[PDB]
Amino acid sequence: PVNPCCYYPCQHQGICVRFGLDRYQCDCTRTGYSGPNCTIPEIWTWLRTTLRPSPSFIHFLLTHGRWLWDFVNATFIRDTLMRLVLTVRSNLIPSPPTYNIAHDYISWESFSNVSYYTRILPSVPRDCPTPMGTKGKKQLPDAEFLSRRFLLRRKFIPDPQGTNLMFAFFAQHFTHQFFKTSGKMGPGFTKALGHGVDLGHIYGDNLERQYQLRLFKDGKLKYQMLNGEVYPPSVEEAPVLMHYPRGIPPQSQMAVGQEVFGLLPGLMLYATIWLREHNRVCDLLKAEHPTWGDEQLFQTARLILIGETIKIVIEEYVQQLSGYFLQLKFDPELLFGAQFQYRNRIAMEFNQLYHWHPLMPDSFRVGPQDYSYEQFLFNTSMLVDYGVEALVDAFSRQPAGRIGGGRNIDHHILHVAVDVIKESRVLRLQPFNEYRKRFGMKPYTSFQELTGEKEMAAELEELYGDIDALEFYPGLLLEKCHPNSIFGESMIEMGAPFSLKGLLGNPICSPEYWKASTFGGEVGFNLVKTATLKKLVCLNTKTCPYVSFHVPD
C-alpha cells in the first residue's frame, strides 16, 4: 500500500495524517480552508486571495516610481506598510517550531531539543515511490553533473544591483553565527544553539570559549597589538579551538568566536571590526558606569552590539539586497501592537537557501594587486599587511556576483553546491513546487516557466522528467531573476520570512527588553538606534575608507 501522504494531498498548510493502513485525514485547523484536502475556502480567505496581487507586481511596486516612494517614506505610511510587511511575512513561519530531521510531526522533543534544525515542510516519506514523492524518476539527477551543467560559472556575471564583496563577507560572517552544522552529529543538527543573532560568532557558541576570549577586565575582549593596530588575540594567549590547516601553529592562529573564520581574510576582517567595536562600547559604558564590574560591562556591550547588528542588517543589508525604494526601518515598537512571538529557530531550508556562493568573484582585487583563491584562502597575513581600512575599501569597491540565474559559481567552490544538493537528498526535502505553495506562490507548470528560457529548461526536463520533481536549492538558483535583480521571486518570498523572524524574533526586540536600562542608558540605546556600517568601520579606524554594501557607481 502506497503512503497517501506521498501525494501531498493536504493543501494550504493542512496537516496530512496517516489513519489505518491506507487512509489519511487532513488537519485543516486555522488554514482558512475546509474540505477533504483543505481546498474549500472561507469568506475572508476567498476575499483575501482573490484580491491578492502577485509578488511580481508587488516587487514592481516597491522598485518603481521613486516619486511615490520618496513621498510615502516621509509620511506615516512608511511605518504602516512596514508594519504590514512585518505582520504578513513573519506569519508564514510556525512559532513555536514544528518538525525536524527525526520527526515529521509536532513533538515535545522537537520543541525542547535545540540541537536540531527545524523545517517548514515535513520530509519526503521514506515509503514513497520516487525520491521526491510521486513524480519524477527512480533516481534523482547526479549532483555533480547538475552543478557542472547549470551552476558552474563560465563568464563572470556581476550583480546588476551593484552589490560588492563588503556585502558578501558581511553576509557570510553574519549568517555563520546561526548556520553551524555539526559534522559529528550530521546533517540536520547545529552547534549555534542561539538560533539567531546572538553574536556567537564573536563571543563563542559556548560559555568556556567565551571566557577564554574575555579579558575579564573592564568587560573587554582579549586582543593583540600589531603595527599599532588592534587585532584578535592569538590562540597562544586565548587557547580556543580554531579550524586551521594543520602545520599552522597556535602562535600564528587568531582566536575569534567562530572556529572557521581563520580560513578567509574577509571573515577575520569582520571579526576584527566587531571586536574593536565591542571594546570601544565597553569604554563608553565604563565611562558612564564607574561602579560596574567586568561582567555587567561585557554583557551590556554584547547587547548593544546585538542591537547594532540588527539595526544595520535591516536598514542597509536587507535594504541593498531588496532594492526597495521603500526605506526599511528598524523599530520594534511597530510590533508592540501585534501578536508576535519573540523566539527563533533556524530552519534547514533557511540554511540551504542562504548558500550565496555565486557572490564570490574570480579573484580578489586589493588596490593594484589581484590575488587568486589560493592566495586568498587561508591567508594568514593579508589582513595584518593591508590593514582594516584598506581591505574594507578594496572589498567595498569590487562587485559581487549575481546570486540567481545560474552559471555563476566560481569553480573553486562549486563542490559546496554539490554537497548542498546531496544534503538536500539526505534531508529528504520536498520538491521546489511544494515549497512554492508553502510560501504563497503558485507551483510552476514547466521548466521553461521557471528558467524563462528553453535550453536549460529542456535539459532539466530531460534530467528530472517532471517539474514537480525539481529540487529546492537547484530551483532557487536556476529560477529566472526579477528584472535587474540579484535573484528570483522564490529567493525573496522564502528568505524574507525566515530573515525577519530571526531579526525581530530576537528577545531584545521585546517590550520587556527594549528599554534604555537594558543598554546601560540613553548612550547605549542610541548606539543601537543610530548604528550604520560607516560608523561601525570608521569609528574604530584611524582613517575612513570607502565603506558600503554597493559599488560606488
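From 1 onward, residues are counted along the sequence shown. Definition used throughout: the rigid core is the maximal C-alpha set that superposes within 1.5 Å between two forms.
*Name the stretch, 397-405 or 251-259, whose C-alpha atoms sit farther from the shown form on average in 5 other deposited structures of this protein, taking the rigid core as the superposition reference.*
Checking 397-405 against 251-259 in 5 other deposited structures of this protein, I find the farther stretch is 251-259.
*asked:* So, in 5 other deposited structures of this protein, taking the root mean square over structures and residues of the Cα distances after a rigid core fit: is 92-100 or 176-184 the more displaced stretch?
replied: Farther on average in 5 other deposited structures of this protein: 92-100.
*Tell me which of 296-304 and 74-82 has the higher mean C-alpha B-factor in the deposited entry.*
It is 74-82.
_Quick check: 305-313 versus 129-137, which has the larger average CA B-factor in the record?_
The stretch with the larger mean CA B-factor is 129-137.
*Sort 225, 185, 114, 284 by C-alpha B-factor from the entry and give me just the highest.*
Of 225, 185, 114, 284, 225 has the highest C-alpha B-factor.
*Highest Cα B-factor in the deposition, which of 161, 352, 258, 252?*
When the deposited C-alpha B-factors of 161, 352, 258, 252 are compared, 252 is largest.
*Comparing residue 119 with the other modelled residues of its chain, is its CA B-factor in the lowest, middle or highest third?*
Lowest third of the chain for residue 119's C-alpha B-factor.
*Lowest, middle or highest third: where is residue 396 by C-alpha B factor in its chain?*
Tercile = lowest for this residue's CA B-factor.
*B-factor third for the C-alpha atom of residue 501 within its chain*: Ranked within chain, residue 501 CA B lands in the middle tercile.
*Grab the CA temperature factor for residue 87 from the record and place it in the lowest, middle or highest third of its chain.*
Its C-alpha B-factor, which the entry lists for residue 87, ranks in the highest third among residues of this chain.
*residue 196: which third of its chain by C-alpha temperature factor?*
It falls in the bottom third of the chain.
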